[PDB]
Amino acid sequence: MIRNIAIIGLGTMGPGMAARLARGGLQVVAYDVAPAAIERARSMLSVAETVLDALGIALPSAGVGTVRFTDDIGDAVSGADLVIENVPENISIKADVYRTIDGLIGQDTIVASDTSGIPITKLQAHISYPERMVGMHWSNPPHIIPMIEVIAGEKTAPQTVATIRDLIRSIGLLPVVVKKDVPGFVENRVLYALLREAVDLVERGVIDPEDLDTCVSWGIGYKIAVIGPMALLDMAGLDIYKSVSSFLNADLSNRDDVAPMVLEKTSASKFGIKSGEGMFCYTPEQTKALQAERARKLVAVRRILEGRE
């Protein structure tokens, strides 16, 4: 039974995750090794609570439903039914966390990783009772994107997957079970397939990057938000998809490595928003305005997609 949740790591994905879980009635205690991170998480947490209000997400009529931050990991994981490990994408650091918490939690406590790219099969080699370790892969922002991937590693018990699937559904979120521990699970595989082709087209001068974005946002993302790919195939006709894919699949980029344009940008220290320049240029003011407007649009669009009138 999962009533008490500990979150380890309070960076980008932490505060919204904590807020969203507490809003579902769960008791959440969260920990980070860096005091600066815990402080930043407080402001991130208050904004997230308001966003949950704007999404119309209610506390159920039962459960603790609170969030607390602590600088003591023993305090955080004490009595936890679920520990969500949410530390950097580095297997040595994640293994450190598992070793630390292993002696402090019950052998039937579920340990979930928010990892995007490390196989659950590798992660669970670093904790006792690997059958209760599983991938629980949220998306950014975690209090706004309602879909969570649940991924068994080779040793994960089917019961572990079902329990986390059930937890996610119980608080009104949308779990998807990923049935093989493949690189990138499902979401980021499909995303990186989209990106691989988009980057190739920009790189070889087929289309300017801002026009690529207009094209794909409106022609693809807008449509797919309302109609998923399998449903879209049914709308287009699988006969049509057969006819077109018969020659178009052969012509798509099959790049096996990093695109030259991406190597060029990163070599020049152009990393995107974080450095003020990537594919596009940003001022600090524009960045703030863009972040606010994207969060606002995401919230409004989600309510429509959920059927709200």
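A residue's number is simply how far along the shown sequence it sits, counting from 1.
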Can you tell me whether 96-104 has a higher mean C-alpha B factor than 183-191 in this record, or the other way round? 96-104
Stretch with the higher entry mean CA B-factor, where the candidates are 87-95 and 143-151: 87-95
Selection by C-alpha B-factor (highest) of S253, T266, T50, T70: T50
Which one, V262, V29, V244, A36, has the peak C-alpha temperature factor per the PDB entry? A36
By the record's CA B-factor, is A289 among the lowest, middle or highest third of residues in the chain? highest
Tertile call for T115 (CA temperature factor, within chain, third-based) is the lowest
Comparing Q159 with the other modelled residues of its chain, is its CA B-factor in the lowest, middle or highest third? highest
Entry-reported Cα temperature factor of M1, expressed as the chain third it lands in: highest
Can you tell me whether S170 has a C-alpha B-factor in the lowest, middle or highest third compared with the other modelled residues of the same chain? middle
